[PDB]
Amino acid sequence: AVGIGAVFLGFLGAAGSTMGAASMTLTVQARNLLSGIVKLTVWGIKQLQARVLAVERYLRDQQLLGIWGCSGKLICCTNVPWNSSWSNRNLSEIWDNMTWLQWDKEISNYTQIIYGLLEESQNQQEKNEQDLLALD
Amino acid sequence: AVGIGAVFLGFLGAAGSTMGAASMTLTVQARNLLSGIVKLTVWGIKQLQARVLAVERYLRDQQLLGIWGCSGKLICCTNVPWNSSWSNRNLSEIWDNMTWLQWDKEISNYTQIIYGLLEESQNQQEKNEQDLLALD
Amino acid sequence: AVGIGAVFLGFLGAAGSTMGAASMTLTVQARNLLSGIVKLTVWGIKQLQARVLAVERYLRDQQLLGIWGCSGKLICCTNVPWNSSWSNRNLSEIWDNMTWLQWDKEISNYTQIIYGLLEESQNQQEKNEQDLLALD
Amino acid sequence: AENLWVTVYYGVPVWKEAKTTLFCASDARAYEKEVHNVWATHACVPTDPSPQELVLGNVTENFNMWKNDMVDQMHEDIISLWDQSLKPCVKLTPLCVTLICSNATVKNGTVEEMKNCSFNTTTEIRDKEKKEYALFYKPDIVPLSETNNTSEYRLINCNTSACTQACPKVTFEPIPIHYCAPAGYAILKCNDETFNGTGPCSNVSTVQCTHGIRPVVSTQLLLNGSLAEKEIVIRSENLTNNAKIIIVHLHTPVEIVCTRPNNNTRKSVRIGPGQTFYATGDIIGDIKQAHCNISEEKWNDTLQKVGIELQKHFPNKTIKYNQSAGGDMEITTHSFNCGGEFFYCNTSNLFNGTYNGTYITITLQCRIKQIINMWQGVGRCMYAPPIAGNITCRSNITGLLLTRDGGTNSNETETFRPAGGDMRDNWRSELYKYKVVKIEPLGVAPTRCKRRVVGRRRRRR
Amino acid sequence: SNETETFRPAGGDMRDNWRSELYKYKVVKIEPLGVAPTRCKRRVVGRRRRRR
């Protein structure tokens with residue numbers, strides 16, 4: 472669905488829709504991951537067990553954007569050429585069919601490998617952070 | 472007040488100063504909200537009860553800035569036209585008079601509505617994040 | 472060592488290497504500060537005591553960068569002229585010898601003073617992010 | 001082929017399997033009464049009017065109720081809540097005394113259900129004791145061995161473990177409880193009414209919290225449950241495997257209307273400083289014995305409906321029902337709590353007769379206990395104090411627990427009997443629609459975009 | 420009697436002992452607020468900007 476006011480249970484129908492339609496309203500998930508709906529007894533300690541991990545998982549995701557150069561951007565291009573071994577070079581035709589829930593099954597093995605290249609991509613920039621240009 | 476090193480109890484007197492002048496030294500609050508002052529007994533559990541909520545409140549504020557396109561900026565313009573129904577279009581004559589503590593009561597009902605428009609500003613960017621220009 | 476992926480125990484030999492060489496592969500430490508390797529008994533409460541402190545430490549480092557204008561950048565040049573009293577103006581010749589572990593001993597007393605200037609540096613922009621210029 | 005470059009998309013809707021510690025939320029303002037409840041926390045406070053829902057179109061997800069990670073979560077939650085509420089209450093160590101018991105006489109009659117037992121109990125001062133008596137409304141008190149005297153008895157706790165009173169403040173209630181997953185995790189739900197317990201479900205929806213699941217505890221019959229939508233449903237891991245348990249969901253409920261018609265009077269015994277023991281002191285009315293009634297017309301229809309539904313899986317075999325084979329008193333009789341009293345009903349006719357399924371008032375005598383080796387089956391002993399006056403019950407039976415006799419029976423017949431004893435199979439019949447999946451906002455996916463050339467700004471594409 | 424009034428000691432609730440000392444204070448959560456309008460203009464194609 473397209474729209475951003477919405478509800479977290481207003482957009483997740485895109486879990487079956489196309490990746491193109493799912494690419495819009497990409498912010499509502501980013502809102503929901505923060506806090507959501509959350527004498528001493530079981531629920532009291534559970535509010536400390538679950539809450540701290542909800543914060544912990546969010547930091548680990550923003551940790552990777554802050555390094556790859558995609559800080560604060562939902563969509564983000566990166567300087568990595570797509571190797572055809574990971575997938576065929578015609579996804580631009582295909583992602584009008586697949587949903588994101590189906591795309592993940594293809595890159596399941598290669599996702600940890602790809603993160604190295606994105607790290608390398610930033611370090612094509614980081615190798616260029618000492619030499620010449622920024623005398624200004 | 473002019474000067475930004477200061478202390479959190481060095482600037483907060485701007486709560487009664489002019490709304491325009493209070494915009495200076497805006498970083499001290501951003502510093503103070505993080506940690507501040509903070527066998528098992530009452531104070532020990534309180535250092536987990538209060539500490540975790542102090543973190544989660546900070547994350548909730550920052551991610552709103554990240555989504556709106558104001559990441560890392562204290563002041564930040566946004567592409568939304570000010571509707572005169574929320575307030576009269578003459579605050580430029582008035583923030584020298586009102587303090588920030590007094591401005592809030594103008595937009596108490598409208599604040600949650602306005603956040604939709606700031607998001608809607610981002611879909612003017614999110615719409616323009618799939619089409620043409622990134623071939624550059 | 473030069474690289475990125477490596478291990479957190481793959482690059483820390485830079486603790487003895489030169490500051491120039493240590494400035495490369497700088498993302499691996501930034502990744503490690505969050506996750507690491509972490527009935528009720530001693531270890532159970534420790535996973536709340538130590539875990540929350542790791543997050544609490546991480547947010548102070550990021551917020552200081554978020555205010556200085558160095559958000560999301562592992563290297564960041566700022567607008568503060570180097571006062572020769574802090575150190576001699578010839579470290580460019582020297583930092584091929586010193587390691588980062590040895591550099592801190594020089595500026596130990598001056599570090600808290602310098603953070604005021606970095607705030608003041610941003611507050612040139614803060615004074616210059618109000619009023620008139622940005623018709624854009 | 002085409003030229004493509006990597007692009008990151010944190011924010012994506014994709015999830016993965018996981019297990020999580022789920023927060024509890026109670027319906028309406030019941031959290032304000034929940035402070036004084038057990039089987040309900042102290043308290044499950046909601047923050048929003050839950051549960052809202054969205055249907056996820058074109059989504060198919062794999063479900064399984066028998067490997068469910070939530071049923072193990074609530075069972076270890078409820079029994080842990082059971083211990084905490086019972087922990088500060090008075091212990092019954094000083095009552096293990098050589099009880100002298102005799103017939104319990106009442107107004108112009110005698111009651112066969114109980115014994116009038118007397119014992120020496122300590123006063124406020126520890127070096128003096130007084131005679132005291134109480135009607136322990138059960139003959140379930142072990143006679144004391146190593147003596148020819150038949151009039152010396154003993155409370156059955158002390159042979160194996162001492163017990164704790166259930167304090168009058170707390171109340172045993174099946175308040176509805178919602179499980180709300182924390183941020184980063186989402187609870188799915190299978191709307192497919194024909195779901196048999198495992199396999200794909202092609203009509204999925206996400207919710208904030210589960211529906212109003214109530215923590216009722218009973219055996220051989222599921223009370224106050226949530227009924228099936230279309231028709232009777234039968235769920236088991238593998239019906240050919242005569243072990244496991246066959247959980248049935250009823251299309252509509254048969255009302256079990258029953259009571260404890262005796263008029264009992266509570267009595268306070270002073271066993272220690274600030275410690276009070278409550279026991280049935282006397283009967284102030286005519287005696288009629290506990291019993292339970294079930295509509296013969298409606299229940300007999302249920303076996304006819306259920307019989308053909310089982311026969312779909314067991315073709316051309318006539319379905320026979322029969323009495324329980326054996327076990328403790330907790331599983332050989334329909335056991336439940338109602339109004340603070342623990343019933344154990346004989347099932348006088350909820351077992352009997354052949355039922356082909358091809359179409360070719372039942373009264374249950376019920377016994378009552380005070381000491382309960384609680385339905386967890388192994389653990390804490392508890393003494394339920396008496397409830398003064400009559401008790402009455404009106405509950406909706408919604409599901410049957412069954413088990414099968416194998417395996418060299420006559421090929422045209424098959425015998426089914428009740429079951430029970432494990433708390434999880436009661437709650438696994440209600441907590442079967444759900445899953446818990448962690449949302450993983452995914453990253454890389456190639457696009458027509460191109461590299462970030464010399465750090466120049468770019469928005470479009 | 421309309422010209423007289425009788426006063427006697429009191430006590431028994433500990434909160435009124437401490438309410439005599441803990442009366443100057445409040446606890447207020449600091450909330451950075453909603454928006455405030457300015458004479459700014461719509462950002463043009465992701466460009467940076469100094470004053471305004």
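Protein chains in written order, with PDB author numbering: chain J, 472 to 509, 527 to 624; chain B, 472 to 509, 527 to 624; chain F, 472 to 509, 527 to 624; chain I, 1 to 360, 371 to 471; chain A, 420 to 471.
Beta carbons are placed, not taken as given, at the ideal position from N, Cα and C, and that holds for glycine.
- Beta-bridge partners of residue 134 of chain I (DSSP): I:117.
- As the crow flies, the alpha-carbon of residue 158 of chain I is around 15 Å from that of residue 119 of chain I.
- Of the residues assessed, residue 584 of chain J falls on the exposed side of the cut-off, its CB having fewer than 16 other CB atoms within 10 angstroms.
- For residue 77 of chain I, there is no enclosing beta strand (DSSP E); the residue is found in the alpha helix (DSSP H) stretching over 69-86.
- In the DSSP assignment, residue 503 of chain F falls within the unbroken alpha helix (DSSP H) covering 498-503.
- In this structure, residue 277 of chain I lies away from residue 283 of chain I, with their beta-carbon atoms at least 9 Å apart.
- Sixteen is the threshold: since fewer than 16 other Cβ atoms of the shown chains lie within 10 Å of the Cβ of residue 424 of chain A, the residue is exposed.
- Straight across, the Cα-Cα distance linking residue 604 of chain F with residue 476 of chain B is about 6 Å.
- Residue J:580 holds the alpha-carbon nearest to the alpha-carbon of residue 3 of chain I among J:558, J:593, J:580.
- Short of 7 Å from the beta carbon of residue 553 of chain F, and not among the five residues preceding or following it, lie these beta carbons of its own chain, in chain order: 559.
- DSSP places residue 104 of chain I in the strand class (E or B) of the three-state scheme.
- With a threshold of 16 other beta carbon atoms within 10 Å, residue 179 of chain I meets it and is buried.
- Under the 9 Å criterion on CB atoms, residue 577 of chain B is classed as interfacial with respect to chain A.
- Excluding its 5 nearest sequence neighbours in each direction, residue 249 of chain I has C-beta neighbours in its own chain below 6 Å: 228, 233, 409, listed in chain order.
- Within 8 Å of the CB of residue 602 of chain B, the CB atoms of chain A belong to 453, 454, in sequence order along the chain.
- The beta carbon of residue 476 of chain B falls within 9 Å of a beta carbon belonging to chain F, placing the residue at that interface.
- Scanning chain I for C-beta atoms nearer than 8 Å to the C-beta of residue 464 of chain A yields 467, 469, reported in chain order.
- Looking at the DSSP output, residue 393 of chain I sits in a beta bridge with I:165, I:381.
- Spatial neighbours of residue 8 of chain I in its own chain (CB-CB distance under 7 Å, excluding positions within 5 residues in sequence) are listed in chain order as 453, 454.
- Taking the beta carbon of residue 554 of chain B as reference, the chain J residues within 7 Å of it are 560, listed in sequence order.
- Under the Cβ distance rule, residue 502 of chain F does not count among the residues neighbouring chain B, no pair being separated by less than 9 Å.
- Within chain F, no residue has its beta carbon less than 9 Å from that of residue 448 of chain A; the closest one is some 19 Å off.
- Residue I:208 holds the alpha-carbon nearest to the alpha-carbon of residue 55 of chain I among I:355, I:208, I:215, I:286.
- Under the three-state reduction of DSSP, residue 560 of chain J is assigned to coil, being neither helix nor strand.
- Of all residues in the region 66-85 of chain I, only 77, 80, 81, 84 place a beta-carbon less than 7 Å from a beta-carbon of chain J.
- Cβ contact annotation for residue 609 of chain B (same chain, cutoff 8 Å, sequence separation greater than five): 556, 557, 566, 567, 568, in chain order.
- Taking C-beta separations shorter than 7 Å and ignoring five residues to either side along the sequence, the partners of residue 253 of chain I in its chain run 227, 406, 407, 408, following chain order.
- Contact between the region 261-268 of chain I and the region 282-299 of chain I is present: three or more C-beta pairs spanning the two stretches fall below 8 Å.
- Residue 444 of chain A sits exposed, since fewer than 16 C-beta atoms from the chains shown fall within 10 Å of its C-beta.
- Across the structure, residue 506 of chain J and residue 345 of chain I are spaced so that their CA atoms are roughly 48 Å apart.
- When Cβ-Cβ separations below 9 Å define contact, residue 386 of chain I makes no contact with chain J.
- Nearest to residue 184 of chain I by alpha-carbon distance, out of I:390, I:421, I:396, I:11, is I:11.
- Inter-segment contact for the region 436-451 of chain I and the region 336-354 of chain I is absent: fewer than three beta-carbon pairs are separated by less than 8 Å.
- With the criterion set as a beta carbon lying under 8 Å from some beta carbon of chain F, the region 587-602 of chain J has no members that meet it.
- Residue contact with chain F for residue 495 of chain B: present (Cβ-Cβ distance below 9 Å to some residue of chain F).
- Residue 433 of chain I counts as buried, since no fewer than 16 other beta carbons sit within 10 angstroms of its beta carbon.
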